[PDB]
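Below sits a lone chain in structure tokens, taken as the form deposited in one PDB entry.
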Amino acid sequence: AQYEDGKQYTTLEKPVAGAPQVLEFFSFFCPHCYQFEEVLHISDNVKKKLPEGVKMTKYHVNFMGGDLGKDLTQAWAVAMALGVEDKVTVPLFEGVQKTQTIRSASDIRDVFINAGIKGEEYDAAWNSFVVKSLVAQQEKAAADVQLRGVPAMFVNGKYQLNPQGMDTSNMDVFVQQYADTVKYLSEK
């Protein structure tokens, strides 16, 4: 077959019930996740190949960057609660990996302030139990799939993307192969 288990994707030994349709995991310390966001724009191209009525979910992970890694998972919960993911994703990536100006929770907060989120607005969200719940959801989703590496994408709680089995000759070709695989698994 053109799409084969173990080539473009793998099948989870224990599928996860009630999982988001398309679940994406990343870390702001993750180098390929940087490429996935700024160079390849994976999630955008995936969204454009899925049907218009399908939910896409992106979660941060703790297992990279120690203390700051957990701060960034809580900050991503704040971004999701305020709906400002598209304003802070790039400055958080570059603050961690390019300029290396993000070294504390205060530095993370500065990114939101510079992006236009008011100080009281950010601090209220940061300390809200709604964000506490959103951090728990990010943790449970990763723990449900025994996640130990990022970037990672899971389709319908049973299929995991395998970008290693795709062509990296051409970056545009890799993205389309990736997005077509998600669409194929979505229709499975």
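One rule holds for the numbers: they count along the sequence shown, beginning at 1.
Although it is not shown, the form deposited with a small molecule bound is what the next lines describe.
Engineer: Though only this chain appears here, would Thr89 touch the small molecule in the deposited complex if you measure heavy atom gaps against 4.5 Å?
Structural biologist: Contact check for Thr89: yes, within 4.5 Å of the small molecule in the deposited complex.
Engineer: Would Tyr159 sit within 4.5 Å of the small molecule in the deposited complex, counting heavy atoms only?
Structural biologist: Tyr159: no contact with the small molecule in the deposited complex.
Engineer: Can you tell me whether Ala125 touches the small molecule? I mean in the deposited complex, with a 4.5 angstroms heavy atom cut-off.
Structural biologist: Close contact is absent here: in the deposited complex, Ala125 is far from the small molecule, nothing within 4.5 Å, heavy atoms only.
Engineer: Is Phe112 part of the interface with the small molecule in the deposited complex - any heavy atom within 4.5 Å?
Structural biologist: Looking in the deposited complex, residue contacts with the small molecule do not include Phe112, since no heavy atom lies within 4.5 Å.
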